[PDB]
Structure formats: C-alpha cells, structure tokens
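Remarks on the overall topology
For reference, the chains in residue letters:
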Amino acid sequence: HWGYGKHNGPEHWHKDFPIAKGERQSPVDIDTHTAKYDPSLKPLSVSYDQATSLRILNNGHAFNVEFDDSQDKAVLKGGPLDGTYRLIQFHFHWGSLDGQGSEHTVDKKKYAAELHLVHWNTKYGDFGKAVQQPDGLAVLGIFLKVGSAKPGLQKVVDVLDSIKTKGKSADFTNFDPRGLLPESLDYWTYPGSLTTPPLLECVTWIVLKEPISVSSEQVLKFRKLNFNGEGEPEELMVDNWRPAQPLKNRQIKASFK
Ligand SMILES: S=c1[nH]c2ccccc2s1
Ligand SMILES: [Zn+2]
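What counts, and where the lines are drawn
Residues numbered from 1 in each chain as written, not as in the entry; some residues may be left out. Chains lettered and ligands numbered in written order. Heavy atoms only, no water. Residues with missing side-chain atoms left out of burial classes, pairs and counts. UniProt positions renumbered as here; feature names shortened; annotations may be inferred. Buried < 20%, exposed > 50% of the residue type's maximum accessible area, 1.4 Å probe, protein only. Contact = heavy atoms within 4.5 Å. Near = heavy atom within 4 Å. Areas by Shrake-Rupley, 256 points an atom, 1.4 Å probe, with all protein chains shown as cover. Nonpolar A, V, L, I, M, F, W, Y, C, P; charged D, E, K, R; others polar. Salt bridge = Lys/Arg side-chain N within 4 Å of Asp/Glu carboxyl O. Helix = DSSP H or I, 4+ residues; strand = E, 2+ residues; numbered from the N terminus. Donors = N, O, S within 2.8 Å, 3.2 Å for Na, K, Ca; no water. Polar contact = N/O pair within 3.5 Å; in protein donor to acceptor, adjacent residues only side chain to side chain. Core = buried A, V, L, I, M, F, W, Y, C linked by side-chain atoms within 4.5 Å. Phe/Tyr/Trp six-rings, centres within 6.5 Å; stacked < 30°, edge-to-face > 60°.

In the PDB header, X-ray crystallography is given as the technique by which the entry was determined, and 1.37 Å as its resolution.

The following block contains the structure:
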C-alpha cells in the first residue's frame, strides 16, 4: 500500500488517491514575501489546559499521540477559524538528516521536522463527518530545528522504544501538548489538505512562523522507529514527508504585519 519509498511514495499516491493532483493539496512552499498580512484574522486561541492524551500508536507511517476528544477539552479557535475545533491527535514528519524532514517550507527552507496538531470542527459532530467538509479540519503546524533540547518532548521520545514497529501501541496518558509550542503564535494560514492518503481537502492550515528547537538526540530517537512491523526486515522510519505541492493560486495570509 502507500508509503514513502521509490515504488509507493508520494509520486505514486495519485493512482490510488487521484485527489493527490487536486486544487488544494498540501504541503506548500510558503513564500513569505507573497503572503499578505490580514487584519480580518481574529486572535488565535490555543486552549490545551484540559487536554487528555490516551495512547501513542506506530501506524507504519508515523506515530500518533491520540486524545480523548469526547468533550470540549483541548480546542483551537480564533485566527482564520469560525467556531471551535477540537484536538484529536498529533504526529510528526521528519527526515533521515537534519537538513530535511518538514512538509511545509519557508522560502524553500526545509526544517528537520514538522509537528501537526490535528483538530476537527465541532459543528460536524466528530472527525469522520468533519473530513467530509471543506472546513472540517484545522491543523496547527510547528517546525522543528535541531539545537537545544525541548524538555516537553522528552516524554514522547522516551516512549518510542515501546512502539518501534508498525501496529504497536502503548498507554500514553497525561501528556501536555502545551510543552510543544513556541513562544509566538504568529502564523501563516491557507486552505489545503491532509498530507497523507487519503489527502482529503478539508484542512485550514495554520503554520507557526517560530520553530521549536529539539536536540539531535531527540530527533535521532524518532529515526530509530520502523516502517515495517515486528519480525519483518528493518526499514527505518525516516523521510516520512510529502514535498511541496502546487499552490494553484491559493493565497497565503499572515497573521503578523
Ligand atoms: S497532516 C494530517 N495527516 C492526517 C492523517 C489522518 C487524520 C488527520 C490528519 S492531518
Ligand atoms: Zn501530518
């Protein structure tokens, strides 16, 4: 099935998922000089104080930290969004080397990794209905660069040894995603898609300008995960990023002058 290799990677996805060549695909290069400051954007509100994580899972493509989204607990609102969007999971994309790994780029610059906090529009009742809607999802994207360690990431790093291979999962309660956010909430926003199959065009992207720093040791631990399942030949989980896709005349808006 789909993946990140020569015979099943991004350049192949369109055969099973023809929307891969659609009009609002992600990620994109963010040309900072062409993005326009928008005064109509309201302040961005990230309210993660009551977030309740449940579990972490290796799905053969990345790892997902899942949240109990049955009550309004961890919500994103404001900015380009109408109403409230509820956090359901986060995951990362990263490289085999520090000079690549992010999905969005900034004036063609690639970061070592990118964090996606996935939220669904509460107007639609749950995630599954939300991904049938052009305003169903909001994904908060955060770049990672290699430098000083991110202490709030260490709990994730330390659990990865227990979910090395595809299909493994572990209990993962009391994880605070506030520990993964940079100081500034300045952002770029544009309409796009999921960056993995099924590549659904339901996302309002909100990409923070300020990266977080993580240590070389932290990202090296991400690169020790496996795409394959237990008892299968080892394929390290690296380069699980889709490259930038055509903007197709969409407009990227900036929240900062
Ligand atoms: S980026 C994003 N990749 C996925 C995959 C499944 C569900 C939501 C999302 S958002
Ligand atoms: Zn993603």
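On to the UniProt feature "active site" in the chain. The UniProt feature table records "active site" at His61. Judged by relative accessible area, which is 18%, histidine 61 ranks as buried. Those residues in contact with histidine 61 that lie beyond four places of it in its chain are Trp2, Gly3, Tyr4, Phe227, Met237 and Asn240.

Below, the discussion takes up the site of ligand 1. The full set of residues close to ligand 1 is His91, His116, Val118, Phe127, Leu194, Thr195, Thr196 and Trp205. Protein burial of ligand 1: of its 300 Å² of free accessible surface, 85% is covered by the chains. Across the shell around ligand 1, the residue classes break down as four nonpolar, four polar and no charged.

In this section: the pattern of salt bridges. Applying the stated criterion to the full structure yields six salt bridges. Between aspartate 98 and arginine 223 there is a salt bridge whose closest N-O contact spans 2.8 Å. Within this pair, whereas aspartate 98 is found in the loop between strand 7 (84-94) and strand 8 (105-106), its partner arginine 223 is found in the loop between helix 4 (216-222) and strand 15 (253-254), the two being separated by 125 residues in sequence. What makes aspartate 98 partly exposed here is its relative accessible area of 35%. Exposure remark for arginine 223: the relative accessible area of 6% places this residue in the buried category. In this structure, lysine 164 engages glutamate 234 in a salt bridge whose closest nitrogen and oxygen atoms are separated by 3.5 Å. Of this pair, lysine 164 sits in the loop between helix 3 (154-159) and strand 11 (169-171) while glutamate 234 is found in the loop between helix 4 and strand 15, placing the two residues 70 residues apart along the sequence.

Our next topic: the coordination of the zinc ion (ligand 2). For the zinc ion (ligand 2), the protein coordination sphere consists of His91 (NE2), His93 (NE2) and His116 (ND1), at 2.1 Å. Binding-site remark: the zinc ion (ligand 2) is held by donors from one chain whose sequence spacing is H-x1-H-x22-H. Here the residue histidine 93 occupies a position in strand 7, and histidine 116 occupies one in strand 9 (residues 113-121), the gap between them amounting to 23 residues. For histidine 93, a relative accessible area of 1% puts it in the buried group. With a relative accessible area of 2%, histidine 116 lands in the buried category.

The next thing to look at is the side chain of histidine 93. Among the polar contacts made by the side chain of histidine 93, one reaches the side chain of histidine 91 at a distance of 3.3 Å. Non-local contacts of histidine 93, meaning those with residues more than four positions away in its chain, are made with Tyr4, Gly101, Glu103, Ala112, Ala113, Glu114, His116, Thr195, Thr196, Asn240 and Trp241.

Let us look at the nonpolar core. By size, the foremost hydrophobic cluster in this structure holds 51 residues, and its most contacted members are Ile56, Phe63, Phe90, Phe92, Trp94, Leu117 and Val156. When residues in this core are grouped by element, the largest group, five residues, is from strand 7. If sequence neighbours within four positions are ignored, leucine 117 has contacts with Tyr48, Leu87, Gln89, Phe90, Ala138, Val139, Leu140, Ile142, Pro177 and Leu181. In terms of nonpolar packing, the next biggest core, distinct from the first, is built from 23 residues, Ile30, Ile88, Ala130 and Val139 among them.

Now for unusual backbone geometry. The linkage connecting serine 26 with the following residue, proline 27, adopts the cis geometry, with an omega of 0 degrees. Assignment of secondary structure puts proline 27 in the loop between helix 1 (13-16) and strand 1 (29-30). Cis geometry is adopted by the peptide bond preceding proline 198, which originates at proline 197 and carries an omega value of 10 degrees. Counting through the fold element by element, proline 198 comes out in the loop between strand 12 (187-192) and strand 13 (203-208).

Our next topic: the UniProt feature "binding site: substrate" in the chain. Under the local residue numbering, the UniProt record ascribes the feature "binding site: substrate" to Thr195 and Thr196. When you line up the elements, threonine 195 lands in the loop between strand 12 and strand 13. When neighbours within four sequence positions are excluded, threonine 195 is seen to be in contact with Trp13, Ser26, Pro27, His93, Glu103, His116, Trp205 and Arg242. Mapped onto the elements, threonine 196 comes out in the loop between strand 12 and strand 13. In this structure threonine 196 comes out as partly exposed when scored by relative accessible area, which is 21%. If we ignore the near neighbours within four places in the chain, the residues touching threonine 196 are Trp2, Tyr4, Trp13 and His93.

Per the stated rule, a full pass over the model turns up 15 aromatic pairs. Centre to centre, the rings of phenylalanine 63 and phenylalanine 222 are 5.4 Å apart; their planes meet at 85 degrees, and the pair counts as edge-to-face. Of this pair, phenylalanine 63 sits in strand 5 (residues 63-67) while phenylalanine 222 sits in helix 4; the two residues are 159 residues apart in sequence, bridging distant segments of the chain. Here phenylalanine 63 matches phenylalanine 222 in class, with each residue buried.

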